[PDB]
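Asks: Handing you a structure now.
No value in this document is a laboratory result; all are computed from the given coordinates. Don't worry about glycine lacking a Cβ; one is built from the backbone with ideal geometry, like all the others, and counts go over all protein chains shown.
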Amino acid sequence: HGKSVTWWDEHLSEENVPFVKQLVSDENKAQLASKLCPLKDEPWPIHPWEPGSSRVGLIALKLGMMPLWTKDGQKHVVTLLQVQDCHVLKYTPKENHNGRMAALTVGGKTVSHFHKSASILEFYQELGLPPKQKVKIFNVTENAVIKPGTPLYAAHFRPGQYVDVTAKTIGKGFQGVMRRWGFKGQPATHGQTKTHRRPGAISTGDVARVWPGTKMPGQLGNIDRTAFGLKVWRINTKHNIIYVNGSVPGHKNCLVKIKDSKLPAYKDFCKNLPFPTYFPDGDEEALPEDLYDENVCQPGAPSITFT
Amino acid sequence: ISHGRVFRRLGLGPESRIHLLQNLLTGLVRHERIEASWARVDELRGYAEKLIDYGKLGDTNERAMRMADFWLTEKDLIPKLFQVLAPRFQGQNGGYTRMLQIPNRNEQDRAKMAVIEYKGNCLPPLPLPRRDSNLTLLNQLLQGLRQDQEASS
Amino acid sequence: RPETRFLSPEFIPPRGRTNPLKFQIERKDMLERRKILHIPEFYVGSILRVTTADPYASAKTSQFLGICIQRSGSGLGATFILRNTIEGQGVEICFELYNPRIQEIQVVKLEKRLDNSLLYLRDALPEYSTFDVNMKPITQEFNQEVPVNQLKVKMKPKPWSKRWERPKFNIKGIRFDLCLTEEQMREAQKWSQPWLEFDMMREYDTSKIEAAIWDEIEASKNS
Amino acid sequence: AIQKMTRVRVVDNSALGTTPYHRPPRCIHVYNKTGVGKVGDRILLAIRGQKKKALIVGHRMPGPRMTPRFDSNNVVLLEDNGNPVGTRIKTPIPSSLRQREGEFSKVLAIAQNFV
Amino acid sequence: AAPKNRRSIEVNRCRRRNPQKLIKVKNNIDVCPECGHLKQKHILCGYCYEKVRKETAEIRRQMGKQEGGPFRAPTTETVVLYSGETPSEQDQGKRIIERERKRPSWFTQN
RNA sequence: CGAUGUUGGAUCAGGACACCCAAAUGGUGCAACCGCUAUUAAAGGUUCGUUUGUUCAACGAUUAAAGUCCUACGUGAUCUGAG
Ligand SMILES: [Mg+2]
Ligand SMILES: [Mg+2]
Ligand SMILES: [Mg+2]
Ligand SMILES: [Mg+2]
Ligand SMILES: [Mg+2]
Ligand SMILES: [Mg+2]
Ligand SMILES: [Mg+2]
Ligand SMILES: [Mg+2]
Ligand SMILES: [Mg+2]
Ligand SMILES: [Mg+2]
Ligand SMILES: [Mg+2]
Ligand SMILES: [Mg+2]
Ligand SMILES: [Mg+2]
Ligand SMILES: [Mg+2]
Ligand SMILES: [Mg+2]
Ligand SMILES: [Mg+2]
Ligand SMILES: [Mg+2]
Ligand SMILES: [Mg+2]
Ligand SMILES: [Mg+2]
Ligand SMILES: [Mg+2]
Ligand SMILES: [Mg+2]
Ligand SMILES: [Zn+2]
């Protein structure tokens, strides 16, 4: 039984392809609109905040980098993380996951149905949401659990806060030792023959082998890295965008896993933040379009002068 | 590390790549359909589209005239470019060229070949890959689903 | 006589694959900043006086006047370089257009030059960079269409900061005949790249982008 | 940026900085943990065949925005206790040097022009 | 560097019979609906393309014989017509190539 | 001795502690600052230049310090050939 390869457009006609496309688009729109009211159908009970509580995170998109100015005159550079479509997919109990914290699975931006596997498509069909690109697991406390299918917004974080940003860094492929490890090269022109960038000696004569920790040319860049303690300066609620201080690992337009800072200096700033998550349908009062920090020079400013 | 590179290296350098591209473009403009290596034709497709755009830009435009003069090595094709190709591409926007992969060459190199062709020319049509008819089983099921959608709408 | 339309160079997004939403938001922020700070029309070669909040000066503000060497950057990070010779010491300051510390930008002489970047003024004679710190502003009327100053500049002896004779700079504002020789020009022409002018795939067409930019600008002004 | 073996120009009116010599004043040592010197960094000079201390006033490397970029590597000569040997500085000096007035009081007192 | 010892046939077989070195089977092969010959799904049929290329070669030979010079590029549109056919009201004002062969089934009148 | 290719330098260093710095202490003929000794600790560091092929050595400017050694006086199928 020599079965041949197939795809979704192989057997469709010139008139059914637009029909299938629009049918899937309408289904995705309806599914996304069904979840816009997570607090009125059957939300899970909300627990009070505790000193040792941990919150869920988001999966945003690294848009770009923008300058920003502080009221004291300094200039920082911020990265734009846009929460396109962030949802809670599944929940895993603490004893069944780690024995210390529960696991909440969070999915990022939407992708096409026609290029996902049967198991993934079935899982998203049972869940009731269109497939996501990036899926991550967050370790939260049992009092911060959220019902799967709940959307998440950039208002989950607030201006003035420290966050941890995890992403796959820009992959530079098989790089030489000089760029991978910062090794100094051999001199350029004083007689050296074909050794201007070689690592040189790699071990010792007596050992008669090279140690497992030897720095040698290889892959560089396409690995997961986390930046710790990035300050949040600004929140654009209309477009769901976070202005995080400094640089962010990964290329632009990549999926970025963002969560609260785990450094000991910023352990208990979860008190003033919305503990379970941000529910736009609960307060019954729209947030401002832009929420700024106490030191950000807003675009509409009196053109600060020193006294 | 070649992130964000749009032009592939061909020939003996950038000038050699430009000369190869202009030879291919002259052949394409003259014959209305040529075949070559897949990479060279893929590179040439964009230049062909931009040349048709420059021809649509006008005969009296000095910039377009100089660009055509440079790119068309045979000088008898510039009147053809400005009086045949551009008149028949007026309502269109970017669908000027058609590129299709053909079987590899017969000789030992076995290169991957493509054929590029200005649309609406005076040549036998290529064996274009046609989609299935609505009379197929799956297409008929989709048609019935569409009919019920329209009825419920 | 009709009226011509001038868009600031910083409003044009770069060629990269950045999402247009970032450009939209950056334009919104920079238009909001322009609502407060009146950023006038100026090109490379225009003479500008910039007032910046200086916390350590005798007065709380400091004024710097100079000719604009170059304008570079996209969106909120746009910068322009002002050059002036102060008591025989050439000084260059790279101002940021949308920095809140700037109080006022004043065009004291709106003019164009033969080049889009007057970086060769470092190697030029000091008389071409010396400007009166207290010159009165020269008003201009619209029907002058910002006249181009066809000024050819003498140069100091070689070497210069860069190889301005090379074709990669495409400079028309230097009197090369009095500083170089025909042999030197013949050697310099070996670096020419004639195919770049007719590549026609390296060109960046931004007609629709500029139309959308100005539509947003008009919407902001009406709002 | 001023580092070792860099020729500089003395700005203040001093006998060492004015009397002609067959060797330009070169930088002997920069007093940072790095070998590079920026505006306001004490460095060592070999003027007229003797060792002297100087302060970097302006350099030709671009720095942060709204910072003056001069056409020469300007230095003002200093003493062992940190006081200038000259009486007046004619060339413009960056206004950021006034931030650290605690240790450059006598140096900024003789400065006349700030940019 | 020179090999220290002769590599045995067992190691040689383990190296050059690995699935990485073996030829992979192609699962994108189908029959062309027109002529029944084999073709790949993403590649034009060899038989049909040979037919079209040959017919184009004959047409180009005729239209090059019609022109007495190498630089005589027509400045008007071009139409190919076969035996037993006459130019229509829309084909007037163009250049015409006449072929003695009958019109092929695949060549649409348009 | 049917070949274990050499000093010094470049690149990369693994290790020991008989610790130069950084850390915790005991005694001082330890008033304080500088110091002199001894105990414990080897995760991390231990500069740039003139002359000399130089390892060393003298000298200039600094540093928290510019440690002693082993590794075929580490490392020439990675490099130099100044001796
Ligand atoms: Mg890559
Ligand atoms: Mg090097
Ligand atoms: Mg040699
Ligand atoms: Mg070499
Ligand atoms: Mg050799
Ligand atoms: Mg061993
Ligand atoms: Mg090649
Ligand atoms: Mg230079
Ligand atoms: Mg002497
Ligand atoms: Mg022997
Ligand atoms: Mg032997
Ligand atoms: Mg070591
Ligand atoms: Mg011990
Ligand atoms: Mg100690
Ligand atoms: Mg050690
Ligand atoms: Mg020995
Ligand atoms: Mg040895
Ligand atoms: Mg060896
Ligand atoms: Mg050796
Ligand atoms: Mg060798
Ligand atoms: Mg010798
Ligand atoms: Zn066929």
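Asks: Given Cβ point charges of +1 (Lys, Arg) and -1 (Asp, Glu) and nothing else, what value in debye, to the nearest 20, does the dipole of segment B:22-153 about its Cα centre take?
Replies: 80
Asks: Within segment C:1-57, which GluC sites (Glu not before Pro) sit in a loop by DSSP and count at most 11 neighbouring Cβ atoms inside 10 Å?
Replies: Answer in residue order: C:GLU3, C:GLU41.
Asks: So how strong a dipole does chain D carry about its Cα centre when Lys and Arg Cβ are +1 and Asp and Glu Cβ are -1, to the nearest 20 debye?
Replies: Computed charge dipole of chain D: roughly 340 debye.
Asks: Quick one: compute the contact order of chain D, relative version, from alpha carbon pairs under 8 angstrom and 6+ residues apart, as a percent. Working shown, then result.
Replies: Working: 243 pairs, mean separation 27.1, N = 115.
With pairs under 8 Å counted, the relative contact order is 24 percent.
Asks: A follow-up question, please. Can you compute 3J(HN,Hα) from phi for each residue in segment B:142-150, using the Karplus curve 6.51 cos²θ - 1.76 cosθ + 1.60 with θ = phi - 60°, rounded to whole Hz and x for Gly and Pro?
Replies: Running phi through 6.51 cos²θ - 1.76 cosθ + 1.60 with θ = phi - 60° gives 5, 4, x, 4, 5, 4, 5, 4, 5 Hz.
Asks: Relative contact order, percent, of chain B when contacts are C-alpha pairs under 8 Å separated by at least 6 residues? Don't skip to the end; give the middle numbers.
Replies: Values: 143 pairs, mean separation 36.5, N = 153.
Dividing the mean separation by the residue count of chain B yields 24 percent.
Asks: Tell me which chymotrypsin sites (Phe, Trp or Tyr not before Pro) from segment D:30-115 have a DSSP coil assignment and no more than 15 other beta carbons within 10 Å of their own.
Replies: D:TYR31
Asks: Among residues other than D:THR34 whose Cβ falls under 12 Å from its Cβ, what is the net charge (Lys/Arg +1, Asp/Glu -1)?
Replies: So the environment of D:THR34 carries a net charge of +2.
Asks: Over chain C, with a Gaussian network built from C-alpha contacts below 10 Å, which listed residue (C:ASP115, C:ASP199, C:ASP123) shows the highest mean-square fluctuation?
Replies: Looking only at C:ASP115, C:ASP199, C:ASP123, the biggest GNM fluctuation is shown by C:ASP199.
Asks: Which residue, chosen from C:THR181, C:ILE36, C:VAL153, occupies the Cα position most advanced towards the positive end of the dipole of chain C, where the dipole is computed from +1 (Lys, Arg) and -1 (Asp, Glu) charges on Cβ about the Cα centre?
Replies: It is C:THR181, whose Cα lies furthest towards the positive end.
Asks: Additional query: Treat every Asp and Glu Cβ in chain C as -1 and every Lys and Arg Cβ as +1, leave all other atoms uncharged, and give the resulting dipole magnitude about the Cα centre to the nearest 20 debye.
Replies: In total the dipole reaches around 340 debye.
Asks: Based on the alpha-carbon gyration tensor of chain C and its eigenvalue square roots a ≥ b ≥ c, which shape applies: rounded if a/c is under 1.5, prolate if not and a/b is larger than b/c, or oblate? All intermediate terms of the calculation are to be shown ahead of the outcome.
Replies: Details: a/c = 1.89, a/b = 1.20, b/c = 1.58.
Because a/c hits 1.5 or more and a/b fails to exceed b/c, chain C counts as oblate.
Asks: Could you tally the net charge around B:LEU57, taking each other residue with its Cβ under 15 Å from the Cβ of B:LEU57, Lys/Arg +1 and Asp/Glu -1?
Replies: My count for the surroundings of B:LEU57 gives -3.
Asks: Per residue of segment E:56-62, in order, report the coupling 6.51 cos²θ - 1.76 cosθ + 1.60 (Karplus, θ = phi - 60°) as ³J(HN,Hα) in whole Hz, putting x for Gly and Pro.
Replies: 5, 5, 5, 4, 5, 4, 5
Asks: May I pose another question? Run the lone-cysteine check on the protein assembly as shown: no other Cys C-beta under 4.7 Å from the residue's C-beta.
Replies: Unpaired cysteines in the protein assembly as shown: A:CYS37, A:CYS86, A:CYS254, A:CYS270, A:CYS297, B:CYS122, C:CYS68, C:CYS94, C:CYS179, D:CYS27, E:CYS14, E:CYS35.
Asks: Non-local amide H neighbours of A:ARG198 (under 5 Å, H modeled in plane, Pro and chain starts lacking H): which ones?
Replies: Close amide H contacts, sequence-distant or interchain: A:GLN186.
Asks: Sticking with this structure for a sec: Find the relative contact order for chain E and round it to a whole percent, using C-alpha pairs within less than 8 Å whose residues are 6+ positions apart.
Replies: Taking the mean separation of contacting Cα pairs over the length of chain E, I get 15 percent.
Asks: Using DSSP loop states and a limit of at most 13 other Cβ atoms within 10 Å to flag chymotrypsin sites (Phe, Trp or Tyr not before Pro), what is the longest stretch of chain C containing no flagged site?
Replies: Here the longest run is C:7-203.
Asks: Let me ask something else. How far, in degrees from 0 to 90, does helix B:38-57 lean away from the longest principal axis of the Cα atoms of chain B, to the nearest 10?
Replies: The helix B:38-57 is inclined about 80 degrees to chain B.
Asks: Taking only DSSP H segments of four or more residues, each worth -39500 (n - 2.57), what value at 222 nm results for the protein assembly as shown once the sum is divided by all its residues, to the nearest 500 deg cm²/dmol?
Replies: Computed mean residue ellipticity for the protein assembly as shown: -6000 deg cm²/dmol.
Asks: Which residue fluctuates most in the GNM of chain C (Cα springs below 10 Å): C:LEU21, C:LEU151, C:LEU121?
Replies: Largest GNM mean-square fluctuation: C:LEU21.
Asks: Now a separate question. Using the 2.2 N^0.38 Å rule of thumb for compact globular proteins, work out how the protein assembly as shown stacks up: its C-alpha Rg over that value, please.
Replies: Dividing the Cα radius of gyration by 2.2 N^0.38 Å gives 1.21.
Asks: Any idea which of B:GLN22, B:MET65, B:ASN104 is furthest toward the positive side of the dipole for segment B:10-121, if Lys and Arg beta-carbons carry +1 and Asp and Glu beta-carbons -1?
Replies: Final value for the positive-end residue is B:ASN104.
Asks: Based only on Cα atoms, what Rg/Rh ratio does segment A:188-231 have, Rh being taken as Kirkwood's radius? Provide the component values of the computation, followed by the final result.
Replies: Numbers: Rg = 17.4 Å, Rh = 14.8 Å.
When Rh is taken as the Kirkwood radius, the ratio is 1.18.
Asks: Among the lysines in segment C:73-214, how many pairs, 8 or more places apart or on different chains, have alpha carbons under 20 Å apart?
Replies: Final tally of qualifying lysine pairs is 19.
Asks: At B:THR136 and C:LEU178, where each label point lies 7 Å from the Cα along Cα→Cβ, what is the point-to-point distance in nanometres?
Replies: 7.8
Asks: How do C:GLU87, A:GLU284, B:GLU32 line up, fewest other C-beta atoms within 10 Å first?
Replies: With the fewest neighbours first, C:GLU87, A:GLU284, B:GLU32 line up as A:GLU284, C:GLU87, B:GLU32.
Asks: Provide a whole-number value for the mean count of partner chain Cβ atoms within 10 Å of the Cβ atoms in peptide C:27-36.
Replies: 3
Asks: What net charge do the residues around E:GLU55 carry, taking every other residue with its C-beta under 10 Å from that of E:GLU55, with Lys and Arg at +1 and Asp and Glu at -1?
Replies: So the environment of E:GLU55 carries a net charge of +4.
Asks: From the residues C:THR61, D:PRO84, A:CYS86, which one has its Cα farthest along the dipole of the protein assembly as shown in the positive direction, the dipole being from +1 and -1 charges on Cβ of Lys/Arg and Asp/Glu about the Cα centre?
Replies: Of C:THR61, D:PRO84, A:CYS86, it is D:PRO84.
Asks: Sticking with this structure for a sec: Return, for the Cα atoms of segment E:27-110, the radius of gyration and Dmax in Å, separated by a comma.
Replies: Reported Rg and Dmax, both Å: 16.5, 50.
Asks: Using only atoms on other chains, find how many Cβ atoms lie within 10 Å of each Cβ of peptide C:55-65 and report the average.
Replies: Going residue by residue through C:55-65 and averaging, the value is 3.
Asks: Between A:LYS252 and residues 5 or more places away or on another chain, which pairs have amide H atoms under 5 Å apart, with H built 1.01 Å from N, and which residues are they?
Replies: Under 5 Å from the amide H of A:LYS252: no residue qualifies.
Asks: Which of the trypsin sites (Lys or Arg not before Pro) found in segment C:173-223 are loop residues per DSSP with 15 or fewer other Cβ atoms within 10 Å of their Cβ?
Replies: Those that pass, being in a loop and sparsely packed, are C:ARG175, C:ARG202.
Asks: Counting pairs on different chains as well as pairs 8 or more places apart, how many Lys pairs in chain E have Cα atoms under 22 Å apart?
Replies: Going through chain E pair by pair, I get 14.
Asks: What's the exposure ranking of A:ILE304, C:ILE81, going from fewest to most Cβ atoms within 10 Å? Mind showing how you got there, number by number?
Replies: Details: A:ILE304 16, C:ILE81 21.
Ranking A:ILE304, C:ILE81 by Cβ neighbours within 10 Å, fewest first, gives A:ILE304, C:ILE81.
Asks: Moving to a separate point now. Ignore the peptide's own chain and count Cβ atoms of other chains within 10 Å of each Cβ in B:123-136; give me the average, rounded.
Replies: Counting Cβ atoms of other protein chains within 10 Å of each residue's Cβ and averaging gives 6.
Asks: Follow-up question, since we're still on this one. Arrange the peptides B:76-84, E:72-80 so that the one whose residues have, on average, the most other Cβ atoms within 10 Å appears first. Before the final figure, lay out each step's value.
Replies: Values: B:76-84: 18.9, E:72-80: 16.0.
Ranking, from highest mean packing down: B:76-84, E:72-80.
Asks: Which of the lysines could a cross-linker span from A:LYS35 if the Cα-Cα distance has to be under 17 Å and same-chain partners fewer than 8 positions apart are dropped?
Replies: Within the straight-line limit of under 17 Å, A:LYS35 reaches these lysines: A:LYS90, A:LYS109, A:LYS132, A:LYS147.
Asks: Return the single residue from D:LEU77, D:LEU55, D:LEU97 with maximal mean-square fluctuation; model: Gaussian network over chain D, springs between Cα atoms under 10 Å.
Replies: Among D:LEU77, D:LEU55, D:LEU97, the largest mean-square fluctuation in the Gaussian network model of chain D belongs to D:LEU97.
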